Amino acid sequence: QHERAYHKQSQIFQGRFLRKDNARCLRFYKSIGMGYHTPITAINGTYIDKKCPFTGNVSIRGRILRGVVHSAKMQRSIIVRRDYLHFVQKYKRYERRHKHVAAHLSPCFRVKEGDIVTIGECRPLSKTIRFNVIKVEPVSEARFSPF
Amino acid sequence: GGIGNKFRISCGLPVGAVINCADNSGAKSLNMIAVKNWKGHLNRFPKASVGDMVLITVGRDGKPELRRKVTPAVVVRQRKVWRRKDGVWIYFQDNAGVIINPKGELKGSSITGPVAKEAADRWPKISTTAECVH
Amino acid sequence: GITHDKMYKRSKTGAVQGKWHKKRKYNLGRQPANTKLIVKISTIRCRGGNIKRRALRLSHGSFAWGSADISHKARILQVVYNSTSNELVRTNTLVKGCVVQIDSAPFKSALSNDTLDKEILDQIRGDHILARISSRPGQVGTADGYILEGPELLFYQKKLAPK
Amino acid sequence: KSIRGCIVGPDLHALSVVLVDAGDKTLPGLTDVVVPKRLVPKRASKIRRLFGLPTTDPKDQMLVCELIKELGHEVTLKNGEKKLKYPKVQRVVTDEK
RNA sequence: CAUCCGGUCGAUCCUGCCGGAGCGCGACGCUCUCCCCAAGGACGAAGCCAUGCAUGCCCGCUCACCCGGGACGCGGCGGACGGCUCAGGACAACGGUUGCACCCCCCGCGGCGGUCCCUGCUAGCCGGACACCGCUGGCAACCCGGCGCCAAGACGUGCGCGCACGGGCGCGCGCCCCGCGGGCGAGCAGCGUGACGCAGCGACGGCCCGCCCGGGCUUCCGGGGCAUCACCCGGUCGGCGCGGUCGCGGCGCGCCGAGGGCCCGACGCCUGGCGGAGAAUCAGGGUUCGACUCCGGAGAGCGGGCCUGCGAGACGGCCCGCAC
RNA sequence: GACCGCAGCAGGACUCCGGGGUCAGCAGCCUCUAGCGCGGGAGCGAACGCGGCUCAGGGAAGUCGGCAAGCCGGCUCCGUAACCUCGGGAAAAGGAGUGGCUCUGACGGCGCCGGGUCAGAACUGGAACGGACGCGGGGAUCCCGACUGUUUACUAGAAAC
């Protein structure tokens, strides 16, 4: 046991695994609002996550935005690249512009770089992470896309 | 400009001593060029005690105007222990001095740290300006 | 002058931020009251004038056994496994999530009882029922906890194992 | 602020002292003189206690008065019109109370 | 609110600037017959300041003088708003747009109001006591020492519904999800039941909840120049556990990873940088200025630290270093 | 230990073998084995000398000149400029720690047995730790010679060769 501390989902009481082998609930699969279906990977998954969008104690309140995954190299977190056009007024022309949003990728969905994801606003969960991934729309094996 | 007949006290600061500034005049360190009222003897470096007017030069530490000139100063603190005739043997942590004209006016408005009674009795302006006489 | 402002920190790019205002009282932090365990609850006036209780030294707490539904005050004998700092274990500081040995005497009667598991009934005889504190004594002024039950116990027994 | 020390010294130019037990000789200014108290109790529970109402219902009119007319009336020559200088009785139960 | 004209030549046609010509906003000169309105120590001196004045009001309690007026005192409420300036600050402020299921709030307004035992309590009703003041004072000043008298809606106690009751602590939905609520786009609230703690406030009983206003953070977009700044950061980027806070979060601390940002210009440097609503000029598209009038920010010589507070890291509060 | 220098002269003489502890060390310091008590002894504790110590306050004012002495030094981690033939400079300059205990971690062969190094933490001791020992003071320039080398045995080690 190399983990300094045990990890327990807060919603389920520890004396449920010990006995009552017959029934009860040992995992809390809360369903997110805004017409997004809690995935079965969360329903049957073994992950804990305090900041998981579905099982964990987090609420998706505020806006919901979509972006491509610039990076998946932190622990259960991704950076979503947002590509948009900003219109400069004097020149009747737009500028391609980019902003990077840090989001929490819960272990339920699987994300590889280059995939569309939906990120929903959450209570600040880190210095930079104020958004939690709700959905992943996987793209092909391999441009500027405004989502 | 010294007021009174001082009793002799042990002189701990010979020529070459770099005494610290005790005033806000702008000098940080003062080098002792020479001692006033000194008829020396052969080979004896001129030596000075607390309350004794000395001629000093200000080193590269000091403000530019103060530098490059022989200026009058009084030693207000000495590390060497000295015996007042009352029998007290007193010494201060550092050797420090105040830039003053021979008349008695001081270049800097403020004096820092304790100042010896010997300086303050001999020079009245020293007594008024200094926070503590010890 | 302890503060929880983000102005003092760097930007996400590592760029030094510039300071626009002086320290504010609303953005204030307080010296941590590591709660020593004896082998006094201070009152502090917070924002809004609300008074939060800070336990500095607290002897016992309302520990509980949920599966057997028996919950009694018990004495905190000793602190084991802080999980953040080993220094806190040997100074017997009280934080939430702090495993602790409560005296088995209030729960001694249940030893006669049976069917409430078997491992937890063995602890009743020893005088050492393991229990994690559930309340932040610095903020809530109380050290009420819960006896470790089931796998959490097995993990915290393996951690505490004599090796 | 600068405050003098608890231990007494030659420096103090003034000291203060409370005579407790004393010698037989009466002090020329202290033991002989007896200062009249300027005022009297106004709290009713104290006023009932002063007249020993507990020793022997709301007293109401047991209250005493300086009886010395009214303050600020000497120039008006209202000295003959002597109001009862009753200290106002406070803590007294009333029927309104 | 679509306009040109003078100047290189010996002449000419150009390019191209120079100069005029218009309109503001300030200085200077000279000159102003009267009235109406109106700006007015901002401009690399947020330099320094003599003096005067800018926050009082109130009567809960009233045995000096004067009458119903009380002075002084204690107590309350306010002094955090206002007035002032633009130094600092360039993913900051500021604007438009979100959220707080992560929150604090005086007043006022509307609800609601049960307060454990047990010892000792007085509940027609409790103490003892401080200031003013009486006396007796030191001190250059500033500042205040003792000893006694004695009030509060002040102070400390305090009886009072074991559906007693603050905080916090347990156990209390799921069978793939979503299709009802006290409710919600959202498993949120409330309660039951365990145990803890005795939180309120009661000496002219009122906690508490709401709404308001005012916060605190927060989401997205917009948010100066300089490459004679090309790589940058190292709580920096994430995880996890605690602590702290009104709460959230590297906010702090351990621990564990190795991220995070960038030629769509990161980072560094610089500014005679407060931002917006706006102002000037003015076919159109624009250019320039954003001191100041309203709004938001910031600051009270320069840094720190606090106390009182419902709210201030307050400076016509305090403490300390610095500079004068 | 008898050679060769006047001699049974702190002069000069080529090898072989080479334990322990502290240590990076065949260094310094102390020792096991082995050897062994040196042109004599006693007394005294003057000046002066020679070999060493320590010194208040100042800090090269001494002197032809910092001569001589002192300062610095081991290790570990940071932190290092001008210049430059890009190799250096550089141990630049400048800091901080260091003991004794009590324990943790890592690193192998693989029933089980090494290794002595590396970290990290308590806790302690007049405010102490390379505790003796060993063991750069540093920097800014000018001249000359590029350097490493060689040199007047017995007054010149240099810029000379």
# chains A, B, ... in the order shown; residues from 1 in each chain; ligands from 1
>>> residues_around(residues="residue 97 in chain A", least_positions_apart="3", cutoff="10 Å", atoms="only C-alpha atoms (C1' of nucleotides)", output="PyMOL selection string")
(chain A and resi 82-87+94+144) or (chain E and resi 264)
>>> write_last_selection(atoms="N, CA and C atoms (P, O5', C5', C4', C3', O3' and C1' of nucleotides)", output="PDB file, in the first residue's frame")
ATOM      1  N   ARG A  82      -9.455  26.624 -27.500  1.00  0.00           N
ATOM      2  CA  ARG A  82     -10.656  27.257 -28.078  1.00  0.00           C
ATOM      3  C   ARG A  82     -10.203  28.098 -29.259  1.00  0.00           C
ATOM      4  N   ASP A  83     -10.757  27.827 -30.433  1.00  0.00           N
ATOM      5  CA  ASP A  83     -10.409  28.601 -31.645  1.00  0.00           C
ATOM      6  C   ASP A  83     -11.632  29.440 -32.029  1.00  0.00           C
ATOM      7  N   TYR A  84     -11.458  30.760 -32.166  1.00  0.00           N
ATOM      8  CA  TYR A  84     -12.581  31.672 -32.500  1.00  0.00           C
ATOM      9  C   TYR A  84     -12.050  32.774 -33.415  1.00  0.00           C
ATOM     10  N   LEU A  85     -12.923  33.507 -34.116  1.00  0.00           N
ATOM     11  CA  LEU A  85     -12.479  34.650 -34.960  1.00  0.00           C
ATOM     12  C   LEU A  85     -12.883  35.945 -34.267  1.00  0.00           C
ATOM     13  N   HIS A  86     -11.953  36.886 -34.083  1.00  0.00           N
ATOM     14  CA  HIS A  86     -12.244  38.212 -33.472  1.00  0.00           C
ATOM     15  C   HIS A  86     -12.294  39.246 -34.589  1.00  0.00           C
ATOM     16  N   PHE A  87     -13.340  40.077 -34.661  1.00  0.00           N
ATOM     17  CA  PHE A  87     -13.460  41.010 -35.814  1.00  0.00           C
ATOM     18  C   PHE A  87     -12.835  42.367 -35.482  1.00  0.00           C
ATOM     19  N   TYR A  94     -11.601  39.667 -39.970  1.00  0.00           N
ATOM     20  CA  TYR A  94     -11.528  38.959 -38.673  1.00  0.00           C
ATOM     21  C   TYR A  94     -10.090  38.525 -38.438  1.00  0.00           C
ATOM     22  N   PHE A 144      -7.969  24.614 -38.069  1.00  0.00           N
ATOM     23  CA  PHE A 144      -8.644  25.563 -37.151  1.00  0.00           C
ATOM     24  C   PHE A 144     -10.136  25.291 -37.260  1.00  0.00           C
TER      25      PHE A 144
ATOM     26  P     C E 264       1.982  33.834 -35.920  1.00  0.00           P
ATOM     27  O5'   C E 264       0.925  34.070 -34.757  1.00  0.00           O
ATOM     28  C5'   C E 264       0.554  35.402 -34.381  1.00  0.00           C
ATOM     29  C4'   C E 264      -0.634  35.369 -33.454  1.00  0.00           C
ATOM     30  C3'   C E 264      -0.432  34.584 -32.163  1.00  0.00           C
ATOM     31  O3'   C E 264      -0.923  35.243 -30.993  1.00  0.00           O
ATOM     32  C1'   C E 264      -2.363  33.813 -33.306  1.00  0.00           C
TER      33        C E 264
END
>>> select_by_dssp(residues="range 3-141 of chain A", states="strand (DSSP E)", output="PDB file with N, CA, C and O atoms, in the first residue's frame")
ATOM      1  N   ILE A  64     -21.630  26.401 -20.593  1.00  0.00           N
ATOM      2  CA  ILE A  64     -21.058  25.105 -21.062  1.00  0.00           C
ATOM      3  C   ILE A  64     -20.431  25.368 -22.437  1.00  0.00           C
ATOM      4  O   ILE A  64     -21.188  25.766 -23.344  1.00  0.00           O
ATOM      5  N   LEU A  65     -19.129  25.113 -22.611  1.00  0.00           N
ATOM      6  CA  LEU A  65     -18.431  25.464 -23.879  1.00  0.00           C
ATOM      7  C   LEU A  65     -17.823  24.219 -24.513  1.00  0.00           C
ATOM      8  O   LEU A  65     -17.676  23.228 -23.814  1.00  0.00           O
ATOM      9  N   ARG A  66     -17.520  24.268 -25.806  1.00  0.00           N
ATOM     10  CA  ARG A  66     -16.922  23.102 -26.505  1.00  0.00           C
ATOM     11  C   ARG A  66     -15.544  23.479 -27.056  1.00  0.00           C
ATOM     12  O   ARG A  66     -15.412  24.601 -27.563  1.00  0.00           O
ATOM     13  N   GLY A  67     -14.555  22.587 -26.958  1.00  0.00           N
ATOM     14  CA  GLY A  67     -13.229  22.865 -27.548  1.00  0.00           C
ATOM     15  C   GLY A  67     -12.445  21.606 -27.882  1.00  0.00           C
ATOM     16  O   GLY A  67     -12.853  20.537 -27.415  1.00  0.00           O
ATOM     17  N   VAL A  68     -11.395  21.714 -28.703  1.00  0.00           N
ATOM     18  CA  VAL A  68     -10.510  20.554 -29.020  1.00  0.00           C
ATOM     19  C   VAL A  68      -9.494  20.387 -27.894  1.00  0.00           C
ATOM     20  O   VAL A  68      -9.225  21.364 -27.209  1.00  0.00           O
ATOM     21  N   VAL A  69      -8.973  19.175 -27.710  1.00  0.00           N
ATOM     22  CA  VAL A  69      -8.008  18.891 -26.607  1.00  0.00           C
ATOM     23  C   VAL A  69      -6.593  19.257 -27.045  1.00  0.00           C
ATOM     24  O   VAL A  69      -6.008  18.500 -27.835  1.00  0.00           O
ATOM     25  N   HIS A  70      -6.070  20.375 -26.551  1.00  0.00           N
ATOM     26  CA  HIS A  70      -4.662  20.672 -26.869  1.00  0.00           C
ATOM     27  C   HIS A  70      -3.780  19.646 -26.185  1.00  0.00           C
ATOM     28  O   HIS A  70      -2.899  19.086 -26.856  1.00  0.00           O
ATOM     29  N   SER A  71      -4.045  19.370 -24.908  1.00  0.00           N
ATOM     30  CA  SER A  71      -3.106  18.489 -24.176  1.00  0.00           C
ATOM     31  C   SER A  71      -3.792  17.596 -23.153  1.00  0.00           C
ATOM     32  O   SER A  71      -4.720  18.075 -22.501  1.00  0.00           O
ATOM     33  N   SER A  77      -6.694  15.757 -15.919  1.00  0.00           N
ATOM     34  CA  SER A  77      -7.048  17.116 -16.370  1.00  0.00           C
ATOM     35  C   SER A  77      -6.576  17.314 -17.799  1.00  0.00           C
ATOM     36  O   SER A  77      -5.565  16.695 -18.163  1.00  0.00           O
ATOM     37  N   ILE A  78      -7.317  18.105 -18.583  1.00  0.00           N
ATOM     38  CA  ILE A  78      -6.919  18.388 -19.987  1.00  0.00           C
ATOM     39  C   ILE A  78      -6.974  19.889 -20.228  1.00  0.00           C
ATOM     40  O   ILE A  78      -7.615  20.582 -19.439  1.00  0.00           O
ATOM     41  N   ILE A  79      -6.260  20.368 -21.247  1.00  0.00           N
ATOM     42  CA  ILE A  79      -6.340  21.795 -21.658  1.00  0.00           C
ATOM     43  C   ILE A  79      -7.162  21.779 -22.942  1.00  0.00           C
ATOM     44  O   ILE A  79      -6.765  21.073 -23.880  1.00  0.00           O
ATOM     45  N   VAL A  80      -8.281  22.500 -22.964  1.00  0.00           N
ATOM     46  CA  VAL A  80      -9.123  22.556 -24.190  1.00  0.00           C
ATOM     47  C   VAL A  80      -8.735  23.801 -24.987  1.00  0.00           C
ATOM     48  O   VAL A  80      -8.736  24.900 -24.411  1.00  0.00           O
ATOM     49  N   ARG A  81      -8.333  23.609 -26.244  1.00  0.00           N
ATOM     50  CA  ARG A  81      -7.962  24.744 -27.121  1.00  0.00           C
ATOM     51  C   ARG A  81      -9.260  25.322 -27.662  1.00  0.00           C
ATOM     52  O   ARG A  81     -10.054  24.557 -28.221  1.00  0.00           O
ATOM     53  N   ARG A  82      -9.455  26.624 -27.500  1.00  0.00           N
ATOM     54  CA  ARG A  82     -10.656  27.257 -28.078  1.00  0.00           C
ATOM     55  C   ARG A  82     -10.203  28.098 -29.259  1.00  0.00           C
ATOM     56  O   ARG A  82      -9.356  28.966 -29.064  1.00  0.00           O
ATOM     57  N   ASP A  83     -10.757  27.827 -30.433  1.00  0.00           N
ATOM     58  CA  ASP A  83     -10.409  28.601 -31.645  1.00  0.00           C
ATOM     59  C   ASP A  83     -11.632  29.440 -32.029  1.00  0.00           C
ATOM     60  O   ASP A  83     -12.723  28.858 -32.158  1.00  0.00           O
ATOM     61  N   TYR A  84     -11.458  30.760 -32.166  1.00  0.00           N
ATOM     62  CA  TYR A  84     -12.581  31.672 -32.500  1.00  0.00           C
ATOM     63  C   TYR A  84     -12.050  32.774 -33.415  1.00  0.00           C
ATOM     64  O   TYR A  84     -10.826  32.911 -33.475  1.00  0.00           O
ATOM     65  N   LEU A  85     -12.923  33.507 -34.116  1.00  0.00           N
ATOM     66  CA  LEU A  85     -12.479  34.650 -34.960  1.00  0.00           C
ATOM     67  C   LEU A  85     -12.883  35.945 -34.267  1.00  0.00           C
ATOM     68  O   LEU A  85     -14.068  36.046 -33.915  1.00  0.00           O
ATOM     69  N   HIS A  86     -11.953  36.886 -34.083  1.00  0.00           N
ATOM     70  CA  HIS A  86     -12.244  38.212 -33.472  1.00  0.00           C
ATOM     71  C   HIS A  86     -12.294  39.246 -34.589  1.00  0.00           C
ATOM     72  O   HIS A  86     -11.348  39.271 -35.372  1.00  0.00           O
ATOM     73  N   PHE A  87     -13.340  40.077 -34.661  1.00  0.00           N
ATOM     74  CA  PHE A  87     -13.460  41.010 -35.814  1.00  0.00           C
ATOM     75  C   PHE A  87     -12.835  42.367 -35.482  1.00  0.00           C
ATOM     76  O   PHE A  87     -13.360  43.054 -34.601  1.00  0.00           O
ATOM     77  N   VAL A  88     -11.747  42.729 -36.170  1.00  0.00           N
ATOM     78  CA  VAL A  88     -11.175  44.095 -36.007  1.00  0.00           C
ATOM     79  C   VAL A  88     -12.078  45.015 -36.828  1.00  0.00           C
ATOM     80  O   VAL A  88     -12.419  44.610 -37.938  1.00  0.00           O
ATOM     81  N   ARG A  93     -12.227  42.942 -41.461  1.00  0.00           N
ATOM     82  CA  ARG A  93     -11.678  41.572 -41.476  1.00  0.00           C
ATOM     83  C   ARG A  93     -11.607  40.992 -40.066  1.00  0.00           C
ATOM     84  O   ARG A  93     -11.575  41.773 -39.105  1.00  0.00           O
ATOM     85  N   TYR A  94     -11.601  39.667 -39.970  1.00  0.00           N
ATOM     86  CA  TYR A  94     -11.528  38.959 -38.673  1.00  0.00           C
ATOM     87  C   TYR A  94     -10.090  38.525 -38.438  1.00  0.00           C
ATOM     88  O   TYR A  94      -9.290  38.613 -39.376  1.00  0.00           O
ATOM     89  N   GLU A  95      -9.766  38.131 -37.214  1.00  0.00           N
ATOM     90  CA  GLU A  95      -8.426  37.605 -36.887  1.00  0.00           C
ATOM     91  C   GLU A  95      -8.658  36.221 -36.304  1.00  0.00           C
ATOM     92  O   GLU A  95      -9.524  36.113 -35.441  1.00  0.00           O
ATOM     93  N   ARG A  96      -7.934  35.201 -36.755  1.00  0.00           N
ATOM     94  CA  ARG A  96      -8.066  33.891 -36.078  1.00  0.00           C
ATOM     95  C   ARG A  96      -7.400  34.053 -34.713  1.00  0.00           C
ATOM     96  O   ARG A  96      -6.256  34.519 -34.687  1.00  0.00           O
ATOM     97  N   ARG A  97      -8.079  33.677 -33.633  1.00  0.00           N
ATOM     98  CA  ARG A  97      -7.546  33.907 -32.271  1.00  0.00           C
ATOM     99  C   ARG A  97      -7.777  32.659 -31.422  1.00  0.00           C
ATOM    100  O   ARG A  97      -8.730  31.928 -31.709  1.00  0.00           O
ATOM    101  N   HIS A  98      -6.929  32.429 -30.419  1.00  0.00           N
ATOM    102  CA  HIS A  98      -7.042  31.176 -29.625  1.00  0.00           C
ATOM    103  C   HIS A  98      -6.926  31.429 -28.123  1.00  0.00           C
ATOM    104  O   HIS A  98      -6.169  32.324 -27.730  1.00  0.00           O
ATOM    105  N   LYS A  99      -7.670  30.674 -27.323  1.00  0.00           N
ATOM    106  CA  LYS A  99      -7.558  30.769 -25.848  1.00  0.00           C
ATOM    107  C   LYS A  99      -7.506  29.335 -25.325  1.00  0.00           C
ATOM    108  O   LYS A  99      -8.127  28.474 -25.947  1.00  0.00           O
ATOM    109  N   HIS A 100      -6.777  29.092 -24.242  1.00  0.00           N
ATOM    110  CA  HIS A 100      -6.621  27.705 -23.750  1.00  0.00           C
ATOM    111  C   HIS A 100      -7.344  27.595 -22.412  1.00  0.00           C
ATOM    112  O   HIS A 100      -7.055  28.403 -21.521  1.00  0.00           O
ATOM    113  N   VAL A 101      -8.252  26.631 -22.279  1.00  0.00           N
ATOM    114  CA  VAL A 101      -9.033  26.507 -21.020  1.00  0.00           C
ATOM    115  C   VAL A 101      -8.611  25.218 -20.321  1.00  0.00           C
ATOM    116  O   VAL A 101      -8.577  24.183 -20.985  1.00  0.00           O
ATOM    117  N   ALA A 102      -8.264  25.300 -19.036  1.00  0.00           N
ATOM    118  CA  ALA A 102      -7.907  24.091 -18.264  1.00  0.00           C
ATOM    119  C   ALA A 102      -9.185  23.450 -17.723  1.00  0.00           C
ATOM    120  O   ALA A 102      -9.967  24.163 -17.078  1.00  0.00           O
ATOM    121  N   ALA A 103      -9.363  22.152 -17.959  1.00  0.00           N
ATOM    122  CA  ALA A 103     -10.593  21.445 -17.544  1.00  0.00           C
ATOM    123  C   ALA A 103     -10.211  20.163 -16.807  1.00  0.00           C
ATOM    124  O   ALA A 103      -9.075  19.723 -16.959  1.00  0.00           O
ATOM    125  N   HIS A 104     -11.124  19.616 -16.017  1.00  0.00           N
ATOM    126  CA  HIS A 104     -10.850  18.358 -15.287  1.00  0.00           C
ATOM    127  C   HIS A 104     -11.416  17.195 -16.101  1.00  0.00           C
ATOM    128  O   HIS A 104     -12.645  17.147 -16.278  1.00  0.00           O
ATOM    129  N   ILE A 116     -12.904  16.489 -29.824  1.00  0.00           N
ATOM    130  CA  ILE A 116     -13.869  17.510 -29.320  1.00  0.00           C
ATOM    131  C   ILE A 116     -14.378  17.077 -27.953  1.00  0.00           C
ATOM    132  O   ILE A 116     -14.729  15.908 -27.813  1.00  0.00           O
ATOM    133  N   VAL A 117     -14.464  18.009 -27.011  1.00  0.00           N
ATOM    134  CA  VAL A 117     -14.985  17.714 -25.652  1.00  0.00           C
ATOM    135  C   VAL A 117     -15.928  18.854 -25.274  1.00  0.00           C
ATOM    136  O   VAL A 117     -15.785  19.934 -25.856  1.00  0.00           O
ATOM    137  N   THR A 118     -16.869  18.629 -24.364  1.00  0.00           N
ATOM    138  CA  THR A 118     -17.709  19.739 -23.862  1.00  0.00           C
ATOM    139  C   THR A 118     -17.237  20.011 -22.442  1.00  0.00           C
ATOM    140  O   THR A 118     -17.040  19.050 -21.712  1.00  0.00           O
ATOM    141  N   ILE A 119     -17.020  21.266 -22.096  1.00  0.00           N
ATOM    142  CA  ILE A 119     -16.509  21.621 -20.747  1.00  0.00           C
ATOM    143  C   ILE A 119     -17.558  22.508 -20.073  1.00  0.00           C
ATOM    144  O   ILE A 119     -18.016  23.458 -20.709  1.00  0.00           O
ATOM    145  N   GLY A 120     -17.934  22.200 -18.835  1.00  0.00           N
ATOM    146  CA  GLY A 120     -18.971  22.976 -18.138  1.00  0.00           C
ATOM    147  C   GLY A 120     -18.380  23.716 -16.959  1.00  0.00           C
ATOM    148  O   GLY A 120     -17.415  23.212 -16.383  1.00  0.00           O
ATOM    149  N   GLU A 121     -18.913  24.885 -16.623  1.00  0.00           N
ATOM    150  CA  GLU A 121     -18.295  25.695 -15.544  1.00  0.00           C
ATOM    151  C   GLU A 121     -18.495  24.999 -14.201  1.00  0.00           C
ATOM    152  O   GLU A 121     -19.537  24.356 -14.020  1.00  0.00           O
ATOM    153  N   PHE A 131     -13.375  24.468 -15.011  1.00  0.00           N
ATOM    154  CA  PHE A 131     -14.309  23.801 -15.953  1.00  0.00           C
ATOM    155  C   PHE A 131     -14.140  22.285 -15.856  1.00  0.00           C
ATOM    156  O   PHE A 131     -13.022  21.850 -15.602  1.00  0.00           O
ATOM    157  N   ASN A 132     -15.211  21.517 -16.058  1.00  0.00           N
ATOM    158  CA  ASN A 132     -15.172  20.036 -15.938  1.00  0.00           C
ATOM    159  C   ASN A 132     -15.707  19.422 -17.228  1.00  0.00           C
ATOM    160  O   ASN A 132     -16.780  19.863 -17.668  1.00  0.00           O
ATOM    161  N   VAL A 133     -15.028  18.420 -17.792  1.00  0.00           N
ATOM    162  CA  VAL A 133     -15.465  17.860 -19.104  1.00  0.00           C
ATOM    163  C   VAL A 133     -16.793  17.130 -18.906  1.00  0.00           C
ATOM    164  O   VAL A 133     -16.912  16.395 -17.926  1.00  0.00           O
ATOM    165  N   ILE A 134     -17.777  17.399 -19.759  1.00  0.00           N
ATOM    166  CA  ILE A 134     -19.090  16.705 -19.669  1.00  0.00           C
ATOM    167  C   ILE A 134     -19.125  15.578 -20.701  1.00  0.00           C
ATOM    168  O   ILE A 134     -19.587  14.484 -20.355  1.00  0.00           O
ATOM    169  N   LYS A 135     -18.645  15.827 -21.920  1.00  0.00           N
ATOM    170  CA  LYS A 135     -18.766  14.790 -22.977  1.00  0.00           C
ATOM    171  C   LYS A 135     -17.527  14.781 -23.851  1.00  0.00           C
ATOM    172  O   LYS A 135     -16.821  15.784 -23.864  1.00  0.00           O
ATOM    173  N   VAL A 136     -17.264  13.658 -24.504  1.00  0.00           N
ATOM    174  CA  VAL A 136     -16.141  13.617 -25.471  1.00  0.00           C
ATOM    175  C   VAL A 136     -16.711  13.123 -26.795  1.00  0.00           C
ATOM    176  O   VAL A 136     -17.407  12.098 -26.795  1.00  0.00           O
ATOM    177  N   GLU A 137     -16.501  13.875 -27.867  1.00  0.00           N
ATOM    178  CA  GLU A 137     -16.918  13.380 -29.196  1.00  0.00           C
ATOM    179  C   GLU A 137     -15.625  12.956 -29.880  1.00  0.00           C
ATOM    180  O   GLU A 137     -14.930  13.832 -30.415  1.00  0.00           O
TER     181      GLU A 137
END
>>> select_by_dssp(residues="range 27-102 of chain C", states="alpha helix (DSSP H)", output="list in words")
residues 86, 87, 88, 89, 90 and 91 of chain C
>>> closest_atom_pairs(of="chain D", to="chain E", cutoff="6 Å", atoms="only C-alpha atoms (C1' of nucleotides)", output="JSON lines")
{"residue": "D:14", "atom": "CA", "partner": "E:138", "partner_atom": "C1'", "distance": 5.9}
{"residue": "D:16", "atom": "CA", "partner": "E:146", "partner_atom": "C1'", "distance": 5.5}
{"residue": "D:37", "atom": "CA", "partner": "E:149", "partner_atom": "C1'", "distance": 5.3}
{"residue": "D:38", "atom": "CA", "partner": "E:149", "partner_atom": "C1'", "distance": 5.5}
{"residue": "D:39", "atom": "CA", "partner": "E:149", "partner_atom": "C1'", "distance": 5.8}
{"residue": "D:72", "atom": "CA", "partner": "E:66", "partner_atom": "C1'", "distance": 4.5}
{"residue": "D:85", "atom": "CA", "partner": "E:63", "partner_atom": "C1'", "distance": 5.9}
{"residue": "D:87", "atom": "CA", "partner": "E:63", "partner_atom": "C1'", "distance": 4.9}
>>> residues_around(residues="residue 54 in chain D", least_positions_apart="5", cutoff="12 Å", atoms="only C-alpha atoms (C1' of nucleotides)", output="MDAnalysis selection string")
(chainID D and resid 44:49 59) or (chainID E and resid 122)
>>> atom_distance(atom1="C1' of residue 180 in chain E", atom2="CA of residue 38 in chain A")
20.6 Å
>>> residues_around(residues="residue 123 in chain C", least_positions_apart="3", cutoff="12 Å", atoms="only C-alpha atoms (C1' of nucleotides)", output="JSON, numbers by chain")
{"C": [101, 102, 103, 104, 105, 107, 108, 110, 111, 117, 118, 119, 120, 126, 127, 128, 129, 130, 131, 147, 148, 149, 153, 157]}
>>> residues_around(residues="residue 323 in chain E", least_positions_apart="5", cutoff="12 Å", atoms="only C-alpha atoms (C1' of nucleotides)", output="list in words")
residues 24 of chain B; 301, 302 and 303 of chain E
>>> residues_around(residues="residue 3 in chain A", least_positions_apart="4", cutoff="12 Å", atoms="only C-alpha atoms (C1' of nucleotides)", output="PDB file with C-alpha atoms (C1' of nucleotides), in the first residue's frame")
ATOM      1  CA  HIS A   7      -9.635   7.331  -0.993  1.00  0.00           C
TER       2      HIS A   7
ATOM      3  CA  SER C  83      -1.414  10.968   6.129  1.00  0.00           C
ATOM      4  CA  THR C  84      -0.084  14.508   5.503  1.00  0.00           C
ATOM      5  CA  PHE C 155      -5.957  -0.303   4.700  1.00  0.00           C
ATOM      6  CA  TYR C 156      -5.322   1.619   7.948  1.00  0.00           C
ATOM      7  CA  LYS C 158      -1.864  -2.419   6.922  1.00  0.00           C
ATOM      8  CA  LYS C 159      -0.502   1.139   7.148  1.00  0.00           C
TER       9      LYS C 159
ATOM     10  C1'   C E 240      -4.005  14.092  -3.221  1.00  0.00           C
ATOM     11  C1'   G E 241      -4.631  14.993   1.902  1.00  0.00           C
ATOM     12  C1'   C E 255       3.107  14.632  -0.270  1.00  0.00           C
ATOM     13  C1'   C E 256       3.038  12.893  -5.368  1.00  0.00           C
TER      14        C E 256
END
